[PDB]
Amino acid sequence: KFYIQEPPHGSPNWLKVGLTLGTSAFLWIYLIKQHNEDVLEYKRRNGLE
Amino acid sequence: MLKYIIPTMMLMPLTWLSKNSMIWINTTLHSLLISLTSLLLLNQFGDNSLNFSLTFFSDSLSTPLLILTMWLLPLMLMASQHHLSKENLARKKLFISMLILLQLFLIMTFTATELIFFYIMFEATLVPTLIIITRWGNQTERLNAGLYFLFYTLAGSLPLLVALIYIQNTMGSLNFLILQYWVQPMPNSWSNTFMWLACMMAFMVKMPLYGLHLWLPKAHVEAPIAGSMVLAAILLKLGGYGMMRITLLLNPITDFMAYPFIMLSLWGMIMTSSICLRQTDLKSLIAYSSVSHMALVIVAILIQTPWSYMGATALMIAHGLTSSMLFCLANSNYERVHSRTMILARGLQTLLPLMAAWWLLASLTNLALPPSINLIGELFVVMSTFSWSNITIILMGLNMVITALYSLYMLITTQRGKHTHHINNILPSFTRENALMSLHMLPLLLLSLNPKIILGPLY
Amino acid sequence: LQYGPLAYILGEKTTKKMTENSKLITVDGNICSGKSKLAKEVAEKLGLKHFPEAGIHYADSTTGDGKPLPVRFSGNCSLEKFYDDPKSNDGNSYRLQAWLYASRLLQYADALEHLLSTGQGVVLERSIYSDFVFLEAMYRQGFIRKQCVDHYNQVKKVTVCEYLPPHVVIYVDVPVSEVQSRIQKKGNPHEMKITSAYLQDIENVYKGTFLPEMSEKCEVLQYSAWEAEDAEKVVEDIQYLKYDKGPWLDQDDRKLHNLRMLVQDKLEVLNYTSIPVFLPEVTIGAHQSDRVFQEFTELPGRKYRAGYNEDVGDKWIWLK
Amino acid sequence: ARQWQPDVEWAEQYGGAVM
Amino acid sequence: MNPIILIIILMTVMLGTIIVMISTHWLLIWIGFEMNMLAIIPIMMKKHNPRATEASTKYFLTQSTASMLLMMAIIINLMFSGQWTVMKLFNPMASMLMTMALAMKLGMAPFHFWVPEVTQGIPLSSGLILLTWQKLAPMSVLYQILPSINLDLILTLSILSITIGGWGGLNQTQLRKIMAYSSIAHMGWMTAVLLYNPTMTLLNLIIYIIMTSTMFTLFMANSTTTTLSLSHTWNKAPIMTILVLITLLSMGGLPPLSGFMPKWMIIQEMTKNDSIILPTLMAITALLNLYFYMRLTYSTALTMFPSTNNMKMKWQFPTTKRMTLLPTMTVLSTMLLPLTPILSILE
Amino acid sequence: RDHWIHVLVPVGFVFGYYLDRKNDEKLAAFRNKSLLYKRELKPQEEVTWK
Amino acid sequence: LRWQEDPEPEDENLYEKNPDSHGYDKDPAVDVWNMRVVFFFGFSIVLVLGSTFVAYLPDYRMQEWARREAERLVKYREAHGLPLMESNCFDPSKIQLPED
Amino acid sequence: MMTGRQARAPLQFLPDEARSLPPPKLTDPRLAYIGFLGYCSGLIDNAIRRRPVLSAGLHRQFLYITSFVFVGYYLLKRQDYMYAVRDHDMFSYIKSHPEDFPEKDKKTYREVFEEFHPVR
Ligand SMILES: CCCCCCCCCCCCCCCCCC(=O)OC[C@H](COP(=O)([O-])OC[C@H](O)COP(=O)([O-])OC[C@H](COC(=O)CCCCCCCCCCCCCCCCC)OC(=O)CCCCCCCCCCCCCCCCC)OC(=O)CCCCCCCCCCCCCCCCC
Ligand SMILES: CCCCCCCCCCCCCCCCCC(=O)OC[C@H](COP(=O)([O-])OCC[N+](C)(C)C)OC(=O)CCCCCCCCCCCCCCCCC
Ligand SMILES: CCCCCCCCCCCCCCCCCC(=O)OC[C@H](COP(=O)([O-])OCC[N+](C)(C)C)OC(=O)CCCCCCCCCCCCCCCCC
Ligand SMILES: CCCCCCCCCCCCCCCCCC(=O)OC[C@H](COP(=O)(O)OCCN)OC(=O)CCCCCCCCCCCCCCCCC
Ligand SMILES: Nc1ncnc2c1ncn2[C@@H]1O[C@H](COP(=O)(O)O)[C@@H](O)[C@H]1O
């Protein structure tokens, strides 16, 4: 070891890393789904397809 | 202008990701590459300005100011790397980032097509300048000087904000290209009187106007060398640029509103020049000379003739190069003797002959020696003010005596006579210092060969 | 963190883990009272965690690699130079005493943190309730100034009020003659320069101020130097104490939760140790502070937060 | 020669009950 | 305090503000203000010293006086309209009494005289609640009664708040009184544009809450209540000096920062309505707020005041304080001006 | 790349230059439509300027 | 006495440890590469090629054209007996006047 | 100002007619600026806890960027919607009140007389 006391952020909180990447991936796929649904709805409502 | 904004922004990761021995050399190299690219702004036309987008444009007024702005950053990096050699690495990077951020505010100050974006960048230029003066200035008075520099500018400019939004509501736009074609005559009233004052007093503070100039021999004296270079070379010229943009909207009331201010400048350039005869602080002598030279630009804008605008933009570019070189020379002595007192270190031509040649050339361009662009701007403002009134030549010519007298006395006190005996740390001139002097002076003398690029929108 | 309001909500009460053995015992005495074995002896009779007396490098022991730092980074003060020149011009006396008060405050925070997180009692040596006895003994000898006493009383007034006193104070009656006898038998060339009036002032502030004010807020046990040799008598006296005084009686889960939240945040413990009173014995100017701080950042394992140092071999930093 | 940084006399001006 | 009791009391503070925001009956408005005060009193008495009891007593007396004047305005509205809808008032006397009551609840001048005391008497987190969350309910009631608010009264309150909050902070060394006089000046700015465009009132309120929450979060993260203890921050944590630098330059309304965003827009909505002297004198008086912000930036970031020796111990510990949303609030209080036309989401 | 930092400013130039050209196609309302410069399209040509 | 302060450091001489110092840095390789970067990208690139660029600008603000165009117009109206410049810039037929 | 327009359908963040509008692109410069604000928030979060600023917590920095882009996309949709409602109500009011908005005769400068003011 190097430290006399174990640091609380020595090893990664793998639950927190998994929640972070899962929430981030979910937000990106929901954002792309929202944007594709919005461009489809725009092209539907304005008759430009 | 986005081909100049994005490289200036990419100087931020260029200076924060460099190796610790490399953060000066990389920024100097790539800022010189940006300044080399700055010549593509010279695509100027006899009828139209170079109108890039809805946000950015450049005529022949902003183009020399932009080339001077993008040229001054490498010279500031060269000037400010010796006295910040012992500095912490992160504070050194923060200093370079403040200079980069100031250049980034300046290049879209001069190219703002719309006047409230001009105001936002024009007042965004306070924050890096204020931080540089109050953080890397040397003496105690830098905090007070930062307060004066801040609260003269904002007290002048917050009326300008209300005035510009009023023009926005009345005319519908603050596009300078639209307001070239929708400008209405501004009739005589008290409403239009305080309209004129709210449009003009912020730039009167920035020039500075005599009587409002009290921020300048503190803020240009209590600053580090890069701060003094950018203040006296660019930041005094925001006022002249703003007046040349804003007096379009202020006609015909300017034709009698200018009469007090012209007096304040025509007498002011007599007084401040005379102050340079009796200054002990060399940096303050260069500061009051800056007030004296910018008084002519105030007069030339307020008489609004073509010869006056040509001479005023020539004199702004020429004074930028000359006063920046003079501050760098005063720093070249101050890094050796650690005092700004001019009578302290005398007879320096006996010790530094090539640097005394640089002092000689800077003082000859200071006294407007022909055919330097200093003399071209000086002479054209004299021609236009002679056409304004045939008596003003007296106040011009007496100024042109005193402008000689402090320019050579500064040369005689610092460089001539018997040297000071007890001072023995006068090192030979480093290659960096003479490089800085030559990068100030050789563009200034080459512009005498082709002055038409620094003569503005109505050449 | 590890402990917070959520752990208190989710059932972690500290009176659950608070047995009869959970006693905070501070062992006090003069410079060579020999109490340090006695304290350890009590900690090996009752199963208590012993804490040694905090020197200059206690905070160095708790942080980083646990090894002592150089003296310019921690302390900026020498005990041996106080032993040599107590009236020294550089202000080393009160600077050493203020750093020792900060080190004992950090030690007392670690003591309460152990006692409230584990329920194991802690033996201390000369806690923050018995630090001023050196300060007054310096001031009665003209070693510090009255401004140093006022600064110490300010820092003590805003720091010791936040905590609870010990359960048991053990004092060791040693005369000045036996102290100097054990100093001359010790062999430290600096510590033999301690005057007799200094030790006499230490013992007078002990017997005159410290124990008369601690007999109300806790239980004093005052032994002589020969009967402190028998540990089992002292431990048998401790095991038959009827705790009836001091604010350890009125401690529910809420107050001890607040105290445990205090003692686990070390910068809030050490908050008002550096109050901006500009006293020349402790004021460090800007250039020296900048120089020593930038040097402290370059120590190994000290540039970042503890789990974020490549140079001492921390892994997975991009996922932390 | 080095940069002026505030002394005790400068700092105590900001440490009163009122400015 | 018990954490469960703390959570229930803070949800009751929020519930009082929500019942003010969402209700259509004046009795429920008064009930939401009563619930808000009744729950926020223990948040102010969190540490149990005589200063918090004095601050809570002064806060109780001013808010109770405002609640009684509010109910008298409601009762006079019931006289002259026979109904209870939260809308314009049907009597200028009821309008004046409700404007006085809400100016007391906001602590606008000349009813400002409780704000720098109470903020000094309470901790930094409860001062954060008082200077951010306790503005939302009275500004909502002012948002809904602006057809009946007298112009001269609310503009007199606005300019008197801006001038008194300007001159008040110039003599201060305590950070909580500085934030309180900053609060008074900013509430003057918010109500000066209320009858002209209430969207810019909502803009100024949101930008103010972001900047105030940033400054109180920095003060809690460094445990600093005076100027002279904030001046030790460069030797403890040099990033926090840059953060208080950019946030204090933003609260002064210096462009290109986000706190230039409201007041500029306020001027942009006061010149459309042909008022030129009034936003000019308001903007000139804002230089006073800028001046004591610059005083704090000189004491903290741009110079280095001398530290003590015990700071070397605090170098060996990192800040374990939960700095909740502090990078987010630092970014959103400085770099938000290029997104200035986002304000239409408040329309 | 051993000298990846010496392309931050030139690529930031070119990209910026690129965006300037990309802005010109958004300001192509009056391309070949001004009274001064309107003319017939020469063969093998679709726009007058890009 | 006064507080714990570092004494005033001396001003350094870059020529003592390095007699070939160009003034840029105390590391000599860094110093010489800083010199070469400043002199190449400042003088060899910006000054020389910049003066070449300014010297060969494509008729900066179209003055030369305006000479040659003037050389057209005079040559058109030396022949036709027309005056070389009218005093009226705009045709008076296409100007309505305010009557009185 | 528009408080009566968004009162028949209260507390709708994006109404249904907002779907008739083209959404902001995922390469919107405003949205990329909000992503840059998220990246700066990640850097300040590494700086205040004394982490390596560019290296530590790439999941955390990426969630900062993701959260600001995600919130800012809806904020830009609402911004574009409210300026669209602003112009729609403007144009319907101009169409519904021609007595207040006359078509003004644009005179040419051959008839327009302006006073000349000489600079001398
Ligand atoms: C487009 C291509 C253009 C090519 C041609 C270049 C055009 C002019 C550029 C600048 C020329 C002067 C540069 C040297 C002066 C600064 C350094 C210095 O003092 O060195 C002394 C040193 C020799 O002295 P040393 O013994 O070794 O040590 C010095 C002693 O310790 C102590 O030294 P000292 O006191 O014994 O000696 C200093 C002495 C002191 O003498 C004076 O101070 C008296 C000067 C004023 C009265 C006389 C002139 C009055 C005006 C008439 C002349 C212009 C118009 C003529 C046309 C007819 C009339 C219209 O001055 C001189 O010897 C220089 C003579 C020329 C002076 C020019 C006027 C400066 C006065 C202030 C401004 C007035 C308006 C300027 C208009 C410029 C028009 C281009 O010279 C060198 O080592 C020369 C280095 C290389 C110079 C390169 C110049 C060009 C750089 C441009 C690069 C980029 C473009 C590419 C072209 C490259 C061409 C090669
Ligand atoms: C450097 C420090 C000094 C700075 C001086 C700055 C300029 C000096 C004068 C400023 C006056 C205020 C701004 C005027 C803006 C005019 C815009 C406009 O629409 O004008 C026409 C309008 C006219 O109103 P209107 O246009 O709405 O009316 C419709 C048109 N008519 C008139 C036909 C009915 O002017 C005004 O409304 C008032 C103008 C004067 C305002 C006087 C109040 C300010 C007092 C002086 C402040 C001086 C600086 C303060 C700081 C000093 C140092 C701390
Ligand atoms: C510009 C605003 C910002 C200012 C600072 C900018 C700094 C950054 C640097 C940018 C690049 C450089 C900018 C300035 C360039 C100016 C130079 C330039 O382009 O010149 C064009 C001028 C152009 O003149 P021209 O207009 O006649 O050129 C004709 C045009 N062409 C070439 C297309 C046919 O160049 C010359 O005049 C060159 C002539 C030959 C070289 C000089 C010979 C004479 C020298 C003196 C001889 C001795 C005489 C007696 C004196 C004795 C001693 C006292
Ligand atoms: C039209 C608009 C309608 C309304 C829109 C929404 C408006 C939202 C306004 C939010 C105001 C928040 C006020 C502060 C949070 C409330 C609770 C609180 O004060 O928590 C602080 C908490 C107390 O912990 P404690 O232990 O007591 O701290 C002392 C330390 N011994 O913990 C601490 O002390 C730790 C330090 C950090 C706490 C900072 C919390 C900041 C949260 C708010 C962020 C800003 C608001 C959101 C963004 C703008 C939205 C408009
Ligand atoms: N003012 C002081 N003078 C001498 N020693 C002190 C003082 N304050 C604390 N001490 C400590 O008390 C110790 C004496 O007890 P001991 O541990 O038995 O040597 C010293 O070695 C110091 O570590």
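Method of determination for the deposited model, per the PDB record: cryo-EM, at 2.7 Å resolution.

A separate point is the overall build of chain C. Of regular secondary structure, chain C possesses 13 helices and six strands. Whereas a compact globule of 320 residues would reach a radius of gyration of roughly 20 Å, chain C reaches 21 Å, a difference of no more than 12%. Oriented by its inertia axes, the alpha-carbon framework of chain C measures out at about 60 × 50 × 35 Å. The buried share of chain C, taken over its 320 residues, is 57%. In chain C, the proportion of contacts linking residues at least 24 apart, taken out of those at least 6 apart, comes to 76%. Carbon together with sulfur atoms contributes 53% to the accessible area of chain C, which is approximately 13200 Å² in total.

Below, the discussion takes up the interface of chain E and chain H. Listed by partner, the interface residues are 23 residues for chain E and 21 residues for chain H. Summed over both sides, the interface of chain E with chain H buries roughly 2000 Å², with 70% coming from carbon and sulfur. The three residues of chain E that bury the most area against chain H are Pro327(E), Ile345(E) and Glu347(E), which together make up 26% of that side's buried surface. Joining chain E to chain H, the criterion identifies zero salt bridges. Only α10 (198-222), α13 (238-251) and α17 (326-332) of chain E provide two or more residues apiece to the side of chain E that touches chain H. No other element matches α17(E), which puts five residues into the side of chain E that touches chain H.

The next subject is a nonpolar patch on the surface. Taken together, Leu6(C), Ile9(C), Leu10(C), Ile4(E), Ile7(E), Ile8(E), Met11(E), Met14(E), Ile18(E), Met21(E) and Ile22(E) make up a surface patch of nonpolar side chains, about 1000 Å² in accessible area. Residue assignment for the nonpolar patch shows that the elements contributing at least two residues are α1 (5-9) of chain C together with α1 (3-22) of chain E. Counting residues per element, the nonpolar patch draws most heavily on α1(E), at eight residues. With respect to the helices and strands, the residue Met11(E) is situated in helix α1.

Here we come to the site of ligand 4. Residue and element names in this part refer to chain E. Taken together, 17 residues lie near ligand 4, and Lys46, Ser125, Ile129, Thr132 and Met220 sit nearest. Measuring from an oxygen atom of ligand 4, one finds a side-chain N or O atom of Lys46 at 2.8 Å. When residues of the shell around ligand 4 are traced back to their parent elements, those giving at least two are α6 (124-132) and α10. Broken down by element, the residue count for the shell around ligand 4 peaks at six residues, all from α10. Here the shell around ligand 4 is composed, by residue class, of 10 nonpolar, five polar and two charged.

What follows is about helix α3 (residues 62-79) of chain B. Residues and elements named next belong to chain B. When the terminal C-alpha atoms of α3 are compared, their 25 Å separation across 18 residues agrees well with the 26 Å that a helix rising 1.5 Å per residue should span. Of all the bends found along α3, the most pronounced is centred on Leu72 and spans about 25°, while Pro74, a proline, follows it within four residues. The element α3 is largely enclosed, with a buried count of 18 among its 18 residues.

The next thing to look at is the site of ligand 5. Residue and element names in this part refer to chain C. Lining the immediate environment of ligand 5, one finds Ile31, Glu53, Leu79, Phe82, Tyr83, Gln97, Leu100, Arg104, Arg126, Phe134, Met138 and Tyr198. Within the backbone of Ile31, one N or O atom sits 2.9 Å away from an oxygen atom of ligand 5. At 3.3 Å, a side-chain N or O of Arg126 approaches an oxygen atom of ligand 5. Starting from 480 Å² of accessible surface for ligand 5 in isolation, the protein chains cover 81%. Split into classes, the residues belonging to the shell around ligand 5 amount to eight nonpolar, one polar and three charged.

As a further point, take the packing of aromatic side chains. Summed over all chains, the structure comprises 45 aromatic pairs over all chains. Look at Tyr148(B) and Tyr152(B): their rings are 6.0 Å apart centre to centre, the planes differ by 90°, and that puts the pair in the edge-to-face class. Within this pair, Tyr148(B) and its partner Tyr152(B) are both found in helix α7 (residues 142-171), separated by four residues, close to a single helical turn. Aromatic rings pair up to connect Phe26(A), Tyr30(A), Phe70(H), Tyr73(H) and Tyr74(H) into one cluster. Seen from the ring of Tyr3(C), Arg260(C) lies directly overhead, with NZ or CZ sitting 3.8 Å from the centre.

Turning our attention to the environment of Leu329(B). Residue and element names in this part refer to chain B. Note that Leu329 resides in helix α16 (residues 306-337). In sequence terms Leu329 and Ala362 are 33 residues apart; their C-alpha atoms lie 8.9 Å from each other. Apart from the residues within four sequence positions on either side, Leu329 is in contact with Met355, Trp358, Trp359, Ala362 and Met437.

Before going further, it helps to spend a moment on unusual backbone geometry. Residue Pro371(B) follows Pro370(B) across a cis peptide bond; omega there is -5°. Looking at the secondary structure, you find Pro371(B) in the loop between α17 (353-366) and α18 (373-388). For the bond from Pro255(E) to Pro256(E), the omega torsion is 10°, close enough to zero to count as cis. Within the secondary structure, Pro256(E) sits in the loop between α13 and α14 (260-270). Even without being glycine, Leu11(H) reaches a positive phi, approximately 60°.

Our next topic: the interface of chain E and chain C. When the parts come together, some accessible area is lost, and that loss is often what is quoted as the size of the interface. Listed per partner, the contact involves 30 residues of chain E and 46 residues of chain C. When the buried area of chain E at its contact with chain C is split by residue, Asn310(E), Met313(E) and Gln316(E) rank highest and sum to 20% of it. Inspection of the region where chain E meets chain C yields two salt bridges. Measuring nitrogen to oxygen at the nearest pair gives 3.8 Å for the salt bridge that ties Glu268(C) to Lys321(E). Between the two partners, chain E and chain C, sit 11 residue pairs in polar contact. Within the residue set of the side of chain E that touches chain C, elements represented by two or more residues are α1, α11 (227-230), α12 (233-236), β1 (307-308) and α16 (311-314) of chain E.

What follows is about the pairing of strand β3 (residues 122-125) of chain C. All names here are of chain C. Alternating residues of β3 divide into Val122 and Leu124 and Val123 and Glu125, and every residue in both groups is buried. Bridge count between strand β1 (residues 24-29) and β3: four bridges; the pairing is parallel. Bridging from a neighbouring strand, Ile25 pairs with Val123 of β3. Note: strand β2 (residues 49-50) against β3, two bridges, orientation parallel. Paired with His50 across the bridge in β3 is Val123.

What follows concerns the pattern of salt bridges. Residue and element names in this part refer to chain C. Overall, the coordinates contain 53 salt bridges over all chains when judged by the stated rule. In this structure, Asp90 and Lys81 form a salt bridge, with 3.1 Å as the shortest nitrogen-oxygen distance. Exposure remark for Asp90: the relative accessible area of 23% places this residue in the partly exposed category.

Turning our eyes to something else, we now look at the sheet that holds β3(C). The strands making up a sheet associate through backbone hydrogen bonding, with each pair oriented either parallel or antiparallel. All names here are of chain C. Reading across from one edge, β2-β3-β1-β4-β5 is the order of the five strands in this open sheet, with parallel pairing throughout. If you trace the sheet from one side to the other, it starts and ends with β2 and β5 (219-224), each paired once. By the bridge criterion, five bridges tie β1 to strand β4 (residues 168-173) in an arrangement that is parallel. Looking across to β4, one finds that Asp28 is bridged to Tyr171.

This brings us to the pairing of β4(C). Residues and elements named next belong to chain C. By the criterion of burial, β4 is predominantly enclosed, with five of the six residues buried. The pairing of β4 with β5 spans six bridges and is classified as parallel. Directly across from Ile170, in β5, lies its bridge partner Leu221.

Turning our attention to the side chain of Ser183(E). Residue and element names in this part refer to chain E. Topologically, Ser183 is positioned in helix α9 (residues 175-192). Owing to a relative accessible area of 2%, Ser183 belongs among the buried residues under this scheme. Once you skip the residues sitting within four places of it in the chain, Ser183 turns out to touch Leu131, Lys135 and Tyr208.

Criteria and cut-off values
- Residues numbered from 1 in each chain as written, not as in the entry; some residues may be left out.
- Chains lettered and ligands numbered in written order.
- Part of a larger assembly, values for the part shown.
- Heavy atoms only, no water.
- Helix = DSSP H or I, 4+ residues; strand = E, 2+ residues; numbered from the N terminus.
- Rg over C-alpha atoms; globule rule 2.2 N^0.38 Å.
- Buried < 20%, exposed > 50% of the residue type's maximum accessible area, 1.4 Å probe, protein only.
- Contact = heavy atoms within 4.5 Å.
- Areas by Shrake-Rupley, 256 points an atom, 1.4 Å probe, with all protein chains shown as cover.
- Buried area = accessible area lost by both parts, 1.4 Å probe.
- Salt bridge = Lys/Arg side-chain N within 4 Å of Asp/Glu carboxyl O.
- Patch = residues over 30% accessible without salt bridge, like charges linked within 9 Å, V, L, I, M, F, W, Y side chains within 5 Å.
- Near = heavy atom within 4 Å.
- Polar contact = N/O pair within 3.5 Å; in protein donor to acceptor, adjacent residues only side chain to side chain.
- Nonpolar A, V, L, I, M, F, W, Y, C, P; charged D, E, K, R; others polar.
- Expected span 1.5 Å × (residues − 1).
- Bend = angle between axes of the 7 residues up to and from the residue.
- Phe/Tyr/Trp six-rings, centres within 6.5 Å; stacked < 30°, edge-to-face > 60°.
- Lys NZ or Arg CZ within 6 Å of the ring centre and 35° of its normal.
- Pairing = 2+ DSSP bridges.

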